[PDB]
Amino acid sequence: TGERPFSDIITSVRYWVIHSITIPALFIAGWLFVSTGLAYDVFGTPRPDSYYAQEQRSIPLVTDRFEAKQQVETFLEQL
Amino acid sequence: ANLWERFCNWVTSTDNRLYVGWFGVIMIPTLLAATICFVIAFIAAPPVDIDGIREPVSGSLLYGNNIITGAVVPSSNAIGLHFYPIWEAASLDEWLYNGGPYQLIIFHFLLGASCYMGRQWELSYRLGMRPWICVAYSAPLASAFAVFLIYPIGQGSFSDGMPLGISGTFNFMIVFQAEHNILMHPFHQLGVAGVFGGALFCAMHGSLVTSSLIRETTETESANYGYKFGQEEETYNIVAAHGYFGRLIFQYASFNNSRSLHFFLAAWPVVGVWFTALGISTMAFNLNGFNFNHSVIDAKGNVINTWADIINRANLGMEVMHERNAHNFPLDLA
Amino acid sequence: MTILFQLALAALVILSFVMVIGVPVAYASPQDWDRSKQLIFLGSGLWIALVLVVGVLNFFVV
Amino acid sequence: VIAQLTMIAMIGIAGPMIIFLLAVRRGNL
Amino acid sequence: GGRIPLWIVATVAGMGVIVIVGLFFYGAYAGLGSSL
Amino acid sequence: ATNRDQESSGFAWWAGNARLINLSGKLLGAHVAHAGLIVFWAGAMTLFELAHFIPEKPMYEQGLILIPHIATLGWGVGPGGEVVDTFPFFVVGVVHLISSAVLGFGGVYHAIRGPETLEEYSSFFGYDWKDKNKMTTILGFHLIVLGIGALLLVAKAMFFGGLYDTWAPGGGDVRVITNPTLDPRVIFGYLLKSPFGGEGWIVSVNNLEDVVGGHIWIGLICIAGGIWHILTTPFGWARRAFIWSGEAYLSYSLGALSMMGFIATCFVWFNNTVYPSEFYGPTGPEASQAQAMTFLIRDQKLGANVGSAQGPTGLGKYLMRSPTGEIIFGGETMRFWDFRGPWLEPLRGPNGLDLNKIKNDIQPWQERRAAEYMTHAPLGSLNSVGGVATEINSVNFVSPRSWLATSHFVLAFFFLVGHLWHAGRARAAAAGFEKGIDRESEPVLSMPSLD
Amino acid sequence: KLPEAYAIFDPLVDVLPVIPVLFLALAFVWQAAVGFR
Amino acid sequence: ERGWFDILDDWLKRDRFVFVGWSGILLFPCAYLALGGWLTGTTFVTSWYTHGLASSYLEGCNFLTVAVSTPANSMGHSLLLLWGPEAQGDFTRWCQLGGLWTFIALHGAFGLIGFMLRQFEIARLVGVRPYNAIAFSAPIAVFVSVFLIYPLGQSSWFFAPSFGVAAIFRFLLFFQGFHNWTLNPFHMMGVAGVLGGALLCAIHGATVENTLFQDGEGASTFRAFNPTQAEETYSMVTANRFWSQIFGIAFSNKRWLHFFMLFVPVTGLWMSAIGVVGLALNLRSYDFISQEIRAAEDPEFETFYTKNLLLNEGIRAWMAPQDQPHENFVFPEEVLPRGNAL
Amino acid sequence: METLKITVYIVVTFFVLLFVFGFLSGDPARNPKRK
Ligand code: CLA
Ligand code: CLA
Ligand code: CLA
Ligand code: CLA
Ligand code: CLA
Ligand code: CLA
Ligand SMILES: CC1=C(/C=C/C(C)=C/C=C/C(C)=C/C=C/C=C(C)/C=C/C=C(C)/C=C/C2=C(C)CCCC2(C)C)C(C)(C)CCC1
Ligand SMILES: CC1=C(/C=C/C(C)=C/C=C/C(C)=C/C=C/C=C(C)/C=C/C=C(C)/C=C/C2=C(C)CCCC2(C)C)C(C)(C)CCC1
Ligand SMILES: CC1=C(/C=C/C(C)=C/C=C/C(C)=C/C=C/C=C(C)/C=C/C=C(C)/C=C/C2=C(C)CCCC2(C)C)C(C)(C)CCC1
Ligand SMILES: CCCCCCCCCCCCO[C@@H]1O[C@H](CO)[C@@H](O[C@H]2O[C@H](CO)[C@@H](O)[C@H](O)[C@H]2O)[C@H](O)[C@H]1O
Ligand SMILES: CCCCCCCS[C@@H]1O[C@H](CO)[C@@H](O)[C@H](O)[C@H]1O
Ligand SMILES: [Cl-]
Ligand SMILES: [Cl-]
Ligand SMILES: [Fe+2]
Ligand SMILES: [Mg+2]
Ligand SMILES: [Mg+2]
């Protein structure tokens, strides 16, 4: 076809200069996404202390179609 | 020459319509005995006390089975791994009660199919071929050894070998999932990858070659008429096939070497099925699938279920119901 | 004794690590084979003696 | 644990190091 | 485009994959998902 | 780079080691370096086991496979398999580890520095695969070595402290074997025993006198066979039967190793004499037999008459008969009635399990061992959750028996494949068609058609 | 446990049994050095 | 070439590292969204509100146990659009309600359409017959029947397969216990096609490799092939004689052989799809009525078919309460079917 | 049962003997190329 061979690209000093910075910056950005707790709130995933209230015996299961969003909200308020 | 040298010449003759050979000399009688016993038992055998609890299970068509429910039933748990030939029994009546036909079938069958594998090596030598077709066959053969011999050995009984029938096979699968969590075993997973991949590459190879047949036939006649038995020229264009597939994915994701391509076709399902066989042969000794039951715990210590735990709930259903009269003590240890 | 043992064993460990690298590299090197052959023989001798020393001293720290 | 990871790092590198040492030296690889 | 030899790039990338995968196995035994 | 490419050797990189077939010096290197890895693992693995080892927990709860091997030889253990001294464990690991540096040295030297071929340099050490006399002579040397190896076992057993004897009267203990079994009717008798249930061929050997006598026989046989092979060349019927080539000798050895792997799998799975349950954990049959014993004890303590208690099926809940009439445990464990074990034999009389003894003579230590073995059955998951497949996480256990059986079934299996691969390749190469069919001398084209 | 005098070499001992696997991996580094010729 | 359309066509069909084509405008974003939806969900997204389950690396799951799980049964067959009436543009809520499930299922469905168009498009440009595309209809019939038809016949998407390794296993066991799917003759033809396909794959690759002509000197035989060479690299004649004498029959026609390799697994997967359409409606092959009547009347009549139904009834009773949380099943201990002891 | 046992033992010995003597009878030579 046309494109520069991968062989060339990944043995070239310029490749390693660019990616010795971009690879670790992305990795660290990935790490912070979790370490700040940011992941939990974007996706709405419970932390280990947020699955159940202290005395709750049942799961906060969605049972309503059109107000399920509001149910989660209610279920979330009492934790 | 002498009578013996003539015999040897015949046995090993490359000219018999079906090759006989030295492996064949063991294969022919064992496979005939297994076949004949199997057919007669499948049609007519009385019920077999598989679990040695005087609870005879009906396998045969005359005793109320159809093709789907029918089976030759494993020999009695009271026998275990004891050798139970016809002459060890007081009568055929007793032999049938205790599942003697099963041992006769599976022993002659295993010897015969092992010789079937040897015979494949043998003929290829007689014909000046490279010798490894027999190695490809070792994969299904190993799988047959896994369910008819190794598993019984590990568990202490032929009553736990796979039953020689359709519904019987399913019973074996289900009890196996309960006792070993086979689905969560990576060798079984490699087996699935092996057979799903085998199917896939089959559909692929079939389709790539077919799509590439050279125009040799009329718009009305089958394209199969475009290929003649023994012709020296290759009947399809592999460069066109590669041109297609290399573009479907990317160039280097595609084969242009027929030899390495056919190697991959041999290796992928054969290796995956080896792992399947080895899955069953190692769960034979109770090294089981991954257990992540109650693996996720919350801050307090509440168990947070995963899909592994729902698997556990289904396995439990199988466990407590299987062989519903055979257990007296709380743990099922074989 | 206990300090003596531990250095002797640390020294075996360190010598070992230099043998592990040095012996293959030496053996497959084009030029330097005069100086190499001698040291290999020397390192080998030091390594053996050090095994005996740790072996004997074991009985004083154990 | 830091001791373990360091040990496995030094042992881990010994292999490729040799190869590299021979490659730089145009050795009999 | 030839400076760093492909065998080193492969040995290094290959060691990274081992390390990150080794870490994932360690985490099976520690923290969330460890059953403890 | 003398034939270290595909062009020169005609073997691709992934078949690289086939390049060594006629390079005796480099090949000796491969072999010595390899034995170094073996001896290395043995020594380092031992040390790792010893570092992790808590003497008061059973070996079998600790993931140990090598310490149990050392202990069975009588090192480091006392009555009941109690660890009295870990230093022999230590000695065994260190000496293997040091020794492996020596082998590794030799291996690396011959592989990389010494003469690639040995024939120019020496005729004693040089060899041609097709020299039937040299081949039987090397073979003969190793037979003598192997023989001495068997006699070292004997030496340990009779003259250097004895062996761990799970059957020792009064309880398991180390014991000197003074009267080994020499009668060929017994020793060779084992070889003619059926491999099926209640028989078990050689796996059945149930006393150290037989084990010692067997090794006396084997050491002698092997030295004798070694002398024989140094002094002789193969008879013509042997010459006409075999392929005579490096690749073919490999294939025969591959077949014998696969077979041995399989035997080893059954040995560790069933046998509790040379794999004492004190070290290795209970066998599957043993653990199953322990459960019925445990509930028989419990229930009878509660007032049950265990002999006349009819189970739901009509068979006895606790006791029943084997197909030959012997009294045996009931429920599923009926299959395991061939099991024999030192915590159980005291209850067995001439007719099988004795109801008089069961009612009166069950000692606390028997209850204890049965409870122990019931709850260490060799069942667990690949991630080492002990228990049935539906068990919750809590117990970190897979029996050493399952690890040793499973690993060796896999190894024996692939070795069998290896055997078929190399046997078939050796046959084809000897006849000259291992690279494919000659387009101008295609055998099938010269044969009559089938129909 | 290791005798106390050796405790220092404990973490080293924890990593040694893995060394054989590293020899298999090394063959592949080496073959890559020589282009898999 | 002329107008903008033809210029665009030029650009789409350029011979590059990854072909694009017109099918690529469909294929690439839908394949990428389906896959990144899967990796995103399995990495970060819970199933707590829909199933009462953890299902992500974030929560402690591993590769075998993570999933993007189906929405709650109360969602019915809702499309569950981000901007639909359930989530109302709230991304977090959407994730919590099962939005990634339909996201992955629908993008995956359009991606699969795109892939098969890519197969028709490439074959047309290379000038080959489009058999590969036709073969791919089998994966399509499986995806559509199992991921769409099935849950559409049932009460809601909740009962579709969830996208995960362990989740799919659960799906298997549910089909055994509830539908007795192993008994179903359409699943059996599926098995025959898959195992027969795998057999045909192993056996064809091994046969070629063991009747190769010697076209080189190398003991490694891969180099003794040339893509442009006129001749067969292996002997059909010897292969035919070998199988005829071994098995009793052999292929003689290479075009037949390959067509058959397409036919067997493709037909297999199509048959399984038909059975799964049946199961969408609980139209099972569950029972043999004649066995039930005999077994009801004769308590000494037993077969493997009766034995497996006791297993199924164990599976239903024991897995349903946690597997179907919206039913609020409470099954007191005394009602659970169990054999002796266990 | 005894005559059955003896008949089968004889059967099996016969076929086993054929297999053993069979492969002892110059098998490597029974191929189409180098003999
Ligand atoms: C047990 C494993 C094992 C062993 C013992 C060997 C041994 C050998 N191989 Mg095979 N090989 C193996 C596995 C092994 N191989 C695997 C897994 C592959 C596939 C990747 C191959 C693929 C292969 C090819 C393609 C070739 C070989 C060749 C060879 C031989 C020559 C090596 C050489 O010239 O290196 C040169 C390499 C170096 C100089 C780098 C250093 C190598 C040394 C030995 C490393 C030692 C490090 C060690 C830690 C030192 C301890 C020292 C201490 C005791 C003092 C040698 C006998 C060659 C051949 O047969 O020659 C005729 C050949 O062409 N091998
Ligand atoms: C005979 C072989 C053998 C056996 C039976 C054991 C058994 C055991 N070991 Mg030892 N070990 C071995 C060899 C063996 N190991 C080797 C070669 C090494 C060096 C890497 C070790 C180093 C070692 C350490 C460091 C530890 C153990 C531990 C353990 C225990 C737990 C093992 C476990 O959790 O596995 C988990 C399972 C796996 C990792 C899966 C193995 C699957 C393989 C790769 C499948 C491939 C099959 C086949 C070989 C490939 C053929 C390919 C085909 C295409 C041809 C158990 C008692 C642990 C312990 O308890 O010590 C006290 C422990 O910490 N082992
Ligand atoms: C079984 C493996 C084996 C075999 C068949 C050989 C054979 C050979 N070697 Mg190699 N080698 C080995 C392993 C082996 N060696 C090991 C382990 C090392 C490291 C110590 C070496 C290091 C080595 C070097 C550095 C050289 C050789 C050389 C030689 C040649 C001459 C040897 C001689 O004449 O001594 C005759 C006999 C003696 C001197 C007495 C031997 C005393 C032994 C060690 C004691 C008895 C051992 C006993 C059986 C226990 C063995 C341990 C076992 C349990 C593992 C010959 C080709 C030479 C060479 O190739 O020339 C160019 C050479 O320079 N060897
Ligand atoms: C590694 C060990 C080993 C190996 C590889 C060999 C290899 C060889 N031996 Mg030597 N031998 C050995 C050890 C070994 N021997 C020992 C320890 C002794 C002393 C007892 C001998 C005494 C000896 C004699 C007296 C003779 C040989 C001969 C031979 C040659 C052909 C053997 C043959 O065809 O047997 C294959 C087996 C047969 C042909 C017998 C028929 C096959 C039966 C039916 C198989 C039954 C086994 C079955 C699988 C069940 C296993 C368990 C069983 C006990 C029930 C070959 C060079 C011959 C020769 O050439 O001498 C120079 C010969 O006459 N050997
Ligand atoms: C080929 C590319 C492609 C295709 C076929 C789809 C298809 C789908 N997407 Mg996906 N998506 C894509 C690329 C694609 N997407 C890209 C690149 C992104 C990143 C921005 C997304 C991000 C995304 C999200 C976040 C969601 C989807 C969703 C959907 C689904 C519903 C879409 C819908 O209802 O549209 C309605 C609109 C049309 C069909 C366009 C109509 C075009 C006609 C021909 C012209 C009409 C124009 C109109 C008259 C002018 C304006 C009107 C004005 C007069 C009022 C469906 C499976 C949803 C889903 O998966 O829910 C589970 C959802 O929540 N997509
Ligand atoms: C796997 C699916 C698939 C494939 C590979 C083909 C392949 C083919 N079609 Mg067939 N088609 C299909 C499904 C498919 N079709 C469906 C479901 C219909 C509707 C009934 C059609 C209707 C149809 C007609 C009427 C014709 C073809 C023809 C063709 C051929 C030329 C290509 C073409 O016209 O594509 C058409 C394009 C597509 C199938 C892709 C459409 C992509 C849509 C627009 C994305 C929509 C996004 C959506 C709005 C998001 C909302 C989701 C919602 C749930 C929220 C080729 C044989 C022509 C022919 O046979 O030539 C001889 C022809 O005349 N198609
Ligand atoms: C040939 C070849 C090869 C291979 C090789 C080999 C196989 C080698 C081996 C080697 C070896 C085999 C080595 C070894 C070594 C060892 C050592 C070096 C050791 C030492 C030891 C010590 C030092 C000890 C110490 C101690 C003590 C004493 C006490 C306790 C603790 C401790 C442990 C610390 C390869 C593949 C690469 C390829 C190429 C070619
Ligand atoms: C130690 C011990 C003991 C003893 C032992 C012994 C005594 C052993 C022996 C062993 C033996 C004594 C073995 C043998 C083996 C053999 C074999 C294994 C064989 C093989 C063969 C073959 C392989 C052949 C082949 C062929 C044929 C068949 C035909 C023709 C061709 C040919 C030649 C190829 C006892 C138990 C007491 C106790 C414990 C311990
Ligand atoms: C959903 C969504 C979206 C999208 C997103 C995306 C598109 C994403 C992507 C994502 C991604 C794209 C990610 C990635 C990931 C990856 C990973 C995470 C990987 C891992 C890997 C590993 C771990 C490896 C492994 C292995 C194998 C595979 C075999 C060989 C060996 C080993 C073991 C190494 C949007 C915004 C539109 C909207 C809304 C929704
Ligand atoms: C239970 C197993 C039985 C144990 C027996 C094993 C011990 C070994 C005995 C070997 C003695 C027989 O030796 C072997 O026998 C047969 C029959 O006589 C011979 O006879 C054969 O010779 C040639 C060999 O090219 C054949 O083509 C010919 O058809 C045949 O007559 C073999 O050439 C001979 O080498
Ligand atoms: C958005 C994809 C739909 C493409 C089909 C419509 C083609 S439409 C076509 O386009 C020409 C340029 O190629 C114009 O010159 C012409 O006026 C117009 O009729
Ligand atoms: Cl059942
Ligand atoms: Cl029981
Ligand atoms: Fe093909
Ligand atoms: Mg964790
Ligand atoms: Mg430590």
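Heads up, chain B uses Swiss-Prot numbers, so what you see runs 11-344.
Per the header: X-ray crystallography, 2.2 Å.
For all residues, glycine too, the Cβ spot is worked out from N, Cα and C.
Database features (Swiss-Prot):
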type     : residues                                                   : note
TRANSMEM : B:32-53                                                    : transmembrane segment
TOPO_DOM : B:54-110                                                   : topological domain 'Lumenal'
TRANSMEM : B:111-132                                                  : transmembrane segment
BINDING  : B:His118                                                   : chlorophyll a ChlzD1 binding site
BINDING  : B:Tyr126, B:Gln130, B:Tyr147                               : pheophytin a binding site
TOPO_DOM : B:133-142                                                  : topological domain 'Cytoplasmic'
TRANSMEM : B:143-163                                                  : transmembrane segment
SITE     : B:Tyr161                                                   : site 'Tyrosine radical intermediate'
TOPO_DOM : B:164-191                                                  : topological domain 'Lumenal'
BINDING  : B:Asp170, B:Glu189, B:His332, B:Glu333, B:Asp342, B:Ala344 : [CaMn4O5] cluster binding site
SITE     : B:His190                                                   : site 'Stabilizes free radical intermediate'
TRANSMEM : B:192-217                                                  : transmembrane segment
BINDING  : B:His198                                                   : chlorophyll a PD1 binding site
BINDING  : B:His215, B:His272                                         : Fe cation binding site
BINDING  : B:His215, B:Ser264, B:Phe265                               : quinone binding site
TOPO_DOM : B:218-272                                                  : topological domain 'Cytoplasmic'
TRANSMEM : B:273-295                                                  : transmembrane segment
TOPO_DOM : B:296-344                                                  : topological domain 'Lumenal'
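For the binding-site residues shown (B:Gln130, B:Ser264), fewest C-beta neighbours within 10 angstroms: B:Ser264. Of all the binding-site residues in the record (B:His198, B:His215, B:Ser264, B:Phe265, B:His272), the one with the smallest CA separation from B:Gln130 (pheophytin a binding site) is B:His272. The record assigns B:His215, B:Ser264, B:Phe265 to the quinone site; their largest pairwise CA distance measures 11 Å. Ranked by Cβ pairs under 8 Å to the transmembrane segment (B:192-217), the stretches B:32-53, B:111-132, B:143-163, B:273-295 are led by B:273-295. Within 8 Å of the Cβ centroid of the quinone site, not counting the listed residues B:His215, B:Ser264, B:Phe265, the chain contributes B:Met214, B:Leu218, B:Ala251, B:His252, B:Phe255, B:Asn266, B:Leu271, B:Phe274.
Applying an under-8 Å Cβ distance to chain F, the binding-site residues B:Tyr126, B:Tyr147, B:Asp342 reduce to B:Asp342. If you take the CA of B:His272 (Fe cation binding site) and look 10 A around it, you hit none of the binding-site residues from B:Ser264, B:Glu333, B:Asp342.
Taking the recorded positions B:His118, B:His190, B:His198, B:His332 in turn and counting surrounding C-beta atoms within 10 angstroms, the largest count is reached at B:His190. Applying an 8 A CB threshold to same-chain residues 6+ apart, the list for B:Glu189 ([CaMn4O5] cluster binding site) reads B:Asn298, B:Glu329, B:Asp342. Rounded to a whole number, the C-alpha distance linking B:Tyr126 (pheophytin a binding site) with B:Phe265 (quinone binding site) is 33 angstrom. When the C-alpha distances from B:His215 (Fe cation binding site) to the recorded positions B:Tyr161, B:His190, B:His198, B:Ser264, B:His332 are tabulated, the minimum falls on B:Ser264. With a 10 A radius on its CB, B:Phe265 (quinone binding site) counts 21 other CB atoms from all the protein chains. For the pair B:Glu333 ([CaMn4O5] cluster binding site) and B:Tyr161 (site 'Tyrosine radical intermediate'), the Cα-Cα distance reads 18 Å. When the recorded positions B:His118, B:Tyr161, B:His198, B:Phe265 are ranked by how far their Cα is from the Cα of B:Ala344 ([CaMn4O5] cluster binding site), B:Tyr161 comes first. Residue counts for the topological domain 'Lumenal' (B:54-110) under DSSP (helix as H, G, I; strand as E, B; rest coil) come to 11 helix, 4 strand, 42 coil.
Outside the topological domain 'Cytoplasmic' (B:133-142) by six or more residues, the chain places 22, 24, 29, 31, 276 with a CB less than 8 A from a CB of the stretch. DSSP assigns B:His190 (site 'Stabilizes free radical intermediate') to a helix. Within 10 Å of the C-beta atom of B:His215 (Fe cation binding site) sit 23 other C-beta atoms, taking all shown protein chains into account. With a cut-off of 8 Å between CB atoms and residues at least 6 apart in sequence, the same chain places B:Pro84, B:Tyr161, B:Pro162, B:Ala344 near B:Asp170 ([CaMn4O5] cluster binding site), listed in sequence order. A straight line from the CA of B:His118 (chlorophyll a ChlzD1 binding site) to the CA of B:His190 (site 'Stabilizes free radical intermediate') spans 28 Å.
In space, B:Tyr147 is the closest of the recorded positions B:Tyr147, B:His190, B:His198, B:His332 to B:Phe265 (quinone binding site), judged by Cα positions. The Cβ of B:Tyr147 (pheophytin a binding site) lies under 8 Å from the Cβ of B:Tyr126, B:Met127, B:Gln130, each on the same chain and at least six residues away in sequence.
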